[PDB]
Amino acid sequence: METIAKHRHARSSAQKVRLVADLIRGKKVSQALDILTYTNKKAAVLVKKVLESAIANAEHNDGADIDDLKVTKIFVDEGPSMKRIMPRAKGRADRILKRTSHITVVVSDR
Amino acid sequence: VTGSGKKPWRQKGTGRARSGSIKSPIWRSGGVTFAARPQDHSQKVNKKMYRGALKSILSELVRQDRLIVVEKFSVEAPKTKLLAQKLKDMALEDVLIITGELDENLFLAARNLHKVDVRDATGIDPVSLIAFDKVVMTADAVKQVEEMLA
Amino acid sequence: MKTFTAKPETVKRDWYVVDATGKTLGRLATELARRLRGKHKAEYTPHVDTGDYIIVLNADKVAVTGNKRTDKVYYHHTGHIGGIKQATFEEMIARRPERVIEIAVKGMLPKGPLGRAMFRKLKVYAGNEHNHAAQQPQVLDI
Amino acid sequence: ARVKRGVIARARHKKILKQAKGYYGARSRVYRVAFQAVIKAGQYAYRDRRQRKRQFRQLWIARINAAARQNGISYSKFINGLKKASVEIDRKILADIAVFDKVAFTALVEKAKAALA
Amino acid sequence: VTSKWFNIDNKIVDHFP
Amino acid sequence: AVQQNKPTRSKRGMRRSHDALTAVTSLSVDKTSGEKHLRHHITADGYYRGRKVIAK
RNA sequence: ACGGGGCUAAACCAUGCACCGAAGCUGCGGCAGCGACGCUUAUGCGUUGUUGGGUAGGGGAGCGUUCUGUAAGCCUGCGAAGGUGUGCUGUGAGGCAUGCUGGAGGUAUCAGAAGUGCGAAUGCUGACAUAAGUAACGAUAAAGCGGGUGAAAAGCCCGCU
RNA sequence: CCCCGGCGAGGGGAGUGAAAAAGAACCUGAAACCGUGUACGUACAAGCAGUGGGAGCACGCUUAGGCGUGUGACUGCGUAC
Ligand SMILES: N[C@@H](Cc1c[nH]c2ccccc12)C(=O)O
Ligand SMILES: [K+]
Ligand SMILES: [K+]
Ligand SMILES: [K+]
Ligand SMILES: [K+]
Ligand SMILES: [K+]
Ligand SMILES: [K+]
Ligand SMILES: [K+]
Ligand SMILES: [K+]
Ligand SMILES: [K+]
Ligand SMILES: [Mg+2]
Ligand SMILES: [Mg+2]
Ligand SMILES: [Mg+2]
Ligand SMILES: [Mg+2]
Ligand SMILES: [Mg+2]
Ligand SMILES: [Mg+2]
Ligand SMILES: [Mg+2]
Ligand SMILES: [Mg+2]
Ligand SMILES: [Mg+2]
Ligand SMILES: [Mg+2]
Ligand SMILES: [Mg+2]
Ligand SMILES: [Mg+2]
Ligand SMILES: [Mg+2]
Ligand SMILES: [Mg+2]
Ligand SMILES: [Mg+2]
Ligand SMILES: [Mg+2]
Ligand SMILES: [Mg+2]
Ligand SMILES: [Mg+2]
Ligand SMILES: [Mg+2]
Ligand SMILES: [Mg+2]
Ligand SMILES: [Mg+2]
Ligand SMILES: [Mg+2]
Ligand SMILES: [Mg+2]
Ligand SMILES: [Mg+2]
Ligand SMILES: [Mg+2]
Ligand SMILES: [Mg+2]
């Protein structure tokens with residue numbers, strides 16, 4: 001059994017969130033939850049909510065058991081950007097890109 | 001093209017390719033380089049070359065036996081049902097009817113049939129003869145076209 | 001049919017021992033390089049090391065003709081600016097007897113990761129004895 | 001009649017990018033860099049169809065030179081002796097015998113030493 | 001624009017007469 | 001100063017080989033409460049090494 | 001200031017015979033141009049001789065794109081165009097068949113007309129990279145703690161300094 | 001309608017529909033660009049990154065055999081448009 005949880009349009013760039021997701025790839029959800037609780041990164045809060053939500057989709061929808069779930073597959077994708085303007089000196093202006101993400105977690109009991 | 005003749009930026013100093021108009025064809029929304037005007041495509045064909053090519057067409061229809069000659073062709077009422085039956089007896093699907101004078105009823109009978117054209121000897125043209133599969137000429141129409149090509 | 005190519009994992013290599021007393025430096029080093037590379041075998045392949053292992057004894061008794069004994073100079077540069085150092089043939093035989101033969105054989109081998117693998121099959125000693133009695137080297141009058 | 005370049009341009013760009021498979025970096029991804037790479041690789045293939053006939057002969061020579069010297073004769077004297085004995089065997093074949101039939105390559109050398117005598 | 005004041009300053013720009 | 005050529009996507013990923021985060025090796029378990037915490041830190045309700053230090 | 005190692009010949013002079021060495025020449029297979037001559041062409045074939053590096057440039061012969069007729073025909077919800085793989089095929093531009101996606105159009109042959117082919121123009125428009133998770137976060141007037149709310153409080157509210 | 005979440009954003013089911021990877025950012029959905037997984041290579045090795053030769057490995061196919069596909073240690077030649 002495989003179960004998905006996504007967070008589309010998460011508000012942080014993919015490179016920052018990929019640092020956190022690489023900590024929990026392949027771990028059991030028990031170890032994954034307490035690793036995410038003691039890293040001081042904003043992306044760890046985002047990733048932890050998608051993980052706790054995938055776990056919940058497993059019992060309600062799929063009827064799995066938490067004791068033997070593993071984080072089989074996790075990845076982050078680049079999302080759309082919101083383009084802004086940053087006025088610079090001597091009349092020039094720049095282009096700020098506020099980058100977003102798509103966080104996908106997949107838990108499997110096997 | 002609707003726009004202004006203003007130069008978008010000055011000639012030197014900008015670091016951009018030289019531009020002189022927002023309506024040039026290089027730009028998006030600019031003019032077409034060799035834009036079209038309305039045209040007349042009609043050609044000249046000599047009178048003798050035109051008439052010499054109807055004779056080739058006519059003598060070639062006879063060779064491939066697509067020219068059928070009769071003496072009377074008419075329908076008694078302007079009804080597409082009648083002309084349809086008459087053509088089935090002669091075993092004709094699509095056909096160009098050439099008659100000496102345009103019958104008032106044969107014209108109104110044939111114009112709902114898309115595979116049938118009724119025409120006068122004065123108005124036969126090269127593309128009609130080649131196009132249709134069979135040509136039917138009444139006898140009074142053969143002598144009218146023979147003199148016209150002389 | 002394609003040409004035969006020697007395969008790196010089935011080549012046969014052998015051990016030889018050479019005495020270098022009274023041999024001319026360069027006229028010995030060419031026979032070493034010839035067999036280190038494998039040119040004496042019908043199975044020679046350019047991209048395979050098909051040579052043999054060679055032990056050179058008495059490296060400090062090799063000979064040069066003419067005035068090369070005191071006039072042959074070995075230059076090298078240390079990398080730091082002004083670091084050009086030289087030694088004559090006299091001085092290197094005194095200090096590094098084995099280095100003299102290895103410099104000569106090394107310039108005569110191909111350059112690249114395979115020519116550096118051929119150079120590892122040359123064992124050079126300044127004395128008369130060697131520790132490779134287990135390899136059972138044959139004698140070569142080369 | 002306005003004609004759009006969309007379908008046709010894509011086919012012709014995808015043809016060059018298909019021959020550039022295995023190339024490092026932008027040379028297998030970007031059309032501009034991959035077009036030059038495919039052209040330069042066709043010049044090498046043409047030039048190296050001539051060198052394949054030289055690199056292989058140069059290798060056959062050197063295996064005959066090595067097998068002949070085990071029978072006490074050099075290459076130049078062994079090749080001369082076979083012309084004097086009217087033997088028309090190929091260098092591609094002679095180098096083959098030198099590896100697989102060492103007793104038949106010997107018999108050739110007696111034949112060449114005899115005529116050379 | 002055009003500046004980049006050091007592309008207008010002619011001590012910096014007009015250096016080789 | 002500015003680059004003369006565009007650095008590739010391998011030079012970018014090699015530079016980031018040192019950018020990874022390290023997970024906390026272990027969490028200590030409280031003597032009485034039985035709950036995990038960072039070592040040398042009070043737990044989430046004020047137990048530290050058995051006794052309750054923050055009665056809040 | 002031999003390409004290097006090295007060389008007292010592996011240097012130089014003289015003689016000689018071998019061999020190596022090119023996309024030169026020969027062997028074998030194939031294609032095309034131009035002549036000469038003939039099974040007699042019918043515009044082609046056969047024999048033969050010969051030629052076949054190319055910028056500016058001149059001459060010849062073609063591929064594919066959109067549109068008009070042939071076509072109220074022909075293919076297509078038993079899967080069209082488009083997209084993405086695979087195989088075969090032609091000297092080339094290319095063609096053909098088919099797996100998956102797609103979900104309604106396409107169009108032989110032979111003629112006709114061109115907004116008919118793009119890597120460059122500091123080309124134009126849109127998207128997306130690089131530097132790089134780097135500089136910076138806008139006056140060096142300054143904060144500290146307790147309580148409250150709240151999913152969460154350095155910054156909000158209340159209080160004392 | 002249910003479930004995680006902050007009475008969120010976002011998602012997983014259920015249901016509608018021929019189709020929901022038609023879900024409102026909605027026909028088709030290319031390329032650049034960015035990722036996850038698997039096979040092979042890569043930490044003594046110098047340069048337009050290919051080309052000719054070529055071992056080994058991995059997966060298929062069929063054999064009383066080496067073929068196909070992917071990778072490419074080592075090696076001759078090679079200074080983009
Ligand atoms: N260098 C100064 C003065 C300056 C403004 N514009 C200039 C043009 C040219 C030379 C100097 C200047 C500045 O940037 O404020
Ligand atoms: K205007
Ligand atoms: K009508
Ligand atoms: K299709
Ligand atoms: K451009
Ligand atoms: K970056
Ligand atoms: K500041
Ligand atoms: K679909
Ligand atoms: K894509
Ligand atoms: K190579
Ligand atoms: Mg500023
Ligand atoms: Mg201002
Ligand atoms: Mg400039
Ligand atoms: Mg317009
Ligand atoms: Mg007139
Ligand atoms: Mg030289
Ligand atoms: Mg010869
Ligand atoms: Mg040759
Ligand atoms: Mg030739
Ligand atoms: Mg020519
Ligand atoms: Mg049409
Ligand atoms: Mg089409
Ligand atoms: Mg055009
Ligand atoms: Mg160009
Ligand atoms: Mg855009
Ligand atoms: Mg930028
Ligand atoms: Mg830096
Ligand atoms: Mg810094
Ligand atoms: Mg800073
Ligand atoms: Mg401030
Ligand atoms: Mg406070
Ligand atoms: Mg449903
Ligand atoms: Mg539709
Ligand atoms: Mg879509
Ligand atoms: Mg290594
Ligand atoms: Mg080393």
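Every heavy atom of this structure was used, including side-chain atoms; hydrogens, water molecules and symmetry mates were not. Naming convention: chains lettered A, B, ... in sequence-line order (proteins, then strands); numbering from 1 in each chain.
- Judged by ring centres closer than 5.5 Å and planes tilted by less than 30°, the bases of G:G148 and G:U149 are stacked on each other.
- Across the P atoms, H:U79 and H:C48 are found 9 Å apart, a figure rounded to whole Å.
- Contacts of B:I26 with the nucleic acid, taken as non-hydrogen atoms under 4.0 Å apart, include base atoms.
- G:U65 and G:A114 make up a base pair, with Watson-Crick or G-U wobble contacts both under 3.5 Å.
- Among the protein residues, B:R28 comes within range of the sugar-phosphate backbone only, with heavy atoms under 4.0 Å from sugar or phosphate atoms but none that close to a base.
- Both conditions of the stacking definition, centres under 5.5 Å apart and planes under 30° apart, are satisfied by the base rings of G:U130 and G:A131.
- Stacking of the bases of H:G11 and H:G12 is indicated, with six-membered ring centres separated by less than 5.5 Å and ring planes inclined by less than 30°.
- Counting non-hydrogen atoms under 4.0 angstrom, A:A56 reaches the backbone sugars and phosphates but no base.
- Under the 5.5 Å and 30° stacking definition, the step from H:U71 to H:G72 qualifies as stacked.
- Remark: G:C31 base-pairs with G:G52; criterion is Watson-Crick or G-U wobble with both hydrogen-bond distances under 3.5 Å.
- Checking the phosphate oxygens (OP1, OP2) of G:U8, a side-chain nitrogen or oxygen of C:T65 falls inside 4.0 Å.
- Pairing of G:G103, defined by two Watson-Crick or G-U wobble distances under 3.5 Å, is not identified with any nucleotide.
- In this structure, H:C40 makes no Watson-Crick or G-U wobble pair, since no nucleotide meets both defining distances under 3.5 angstrom.
- In this structure, D:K53 forms no cation-pi arrangement with D:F56, as its terminal cationic atom is not both closer than 6.0 Å to the ring centre and no more than 45° off the ring axis.
- Distances shown here put every side-chain N or O of D:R10 at or beyond 4.0 Å from the OP1 or OP2 atom of G:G82.
- For an aromatic pair to be called close, the ring centres must be under 6.0 Å apart, and A:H102 with A:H9 satisfies this.
- Nearer the 5' end of RNA chain G, as judged by each residue's closest nucleotide, is the contact made by C:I103, out of C:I103 and B:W27.
- The residue A:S13 sits close to a base: some heavy atom pair falls under 4.0 Å.
- When heavy atoms are screened at a 4.0 angstrom cut-off, F:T8 is found touching no nucleic acid atom at all.
- Using a 4.0 Å heavy-atom criterion, one finds that A:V76 contacts the sugar-phosphate atoms exclusively.
- Across all strands, D:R91 comes closer than 4.0 Å only to sugar-phosphate atoms, never to a base (heavy-atom distances).
- Across all strands, D:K14 comes closer than 4.0 Å only to sugar-phosphate atoms, never to a base (heavy-atom distances).
- Using a 4.0 Å heavy-atom criterion, one finds that A:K83 contacts the sugar-phosphate atoms exclusively.
- Here F:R12 reaches the OP1 or OP2 of G:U130: one of its side-chain N or O atoms lies under 4.0 Å away.
- Across all strands shown, H:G70 pairs with H:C57; the Watson-Crick or G-U wobble distances both stay below 3.5 Å.
- Applying the 6.0 Å contact sphere to CE of A:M86 captures no more than 12 heavy atoms from other residues, nucleotides or ligands.
- On the P atoms, G:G150 is 14 Å away from H:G6, given to the nearest whole Å.
- Residue D:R5 is in base contact, counting any heavy-atom pair closer than 4.0 Å across all strands shown.
- Note on C:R27: a base of the nucleic acid sits closer than 4.0 angstrom, heavy atoms only.
- Pairing partner, G:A143: G:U161, with both Watson-Crick or wobble hydrogen-bond distances short of 3.5 Å.
- Heavy atoms of C:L25 sit under 4.0 angstrom from primed sugar atoms or phosphate atoms, though from no base atom.
- With a cut-off of 3.5 Å on both pairing distances, the Watson-Crick or G-U wobble partner of G:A36 is G:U47.
- A:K49 comes within 4.0 angstrom of a base, heavy atoms only.
- Remark: B:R18 is not in phosphate contact with G:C124, judged by side-chain N or O atoms under 4.0 Å from OP1 or OP2.
- When both pairing distances are held under 3.5 Å, G:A151 makes no Watson-Crick or G-U pair with any nucleotide shown.
- Of the candidates H:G76, H:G54, H:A49, the closest approach to any side-chain atom of C:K2 belongs to H:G54.
- With the rule of ring centres under 5.5 Å apart and planes tilted under 30°, the neighbouring bases G:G115 and G:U116 are not scored as stacked.
- Among the atoms of the strands shown, none is found under 4.0 Å from any heavy atom of D:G6.
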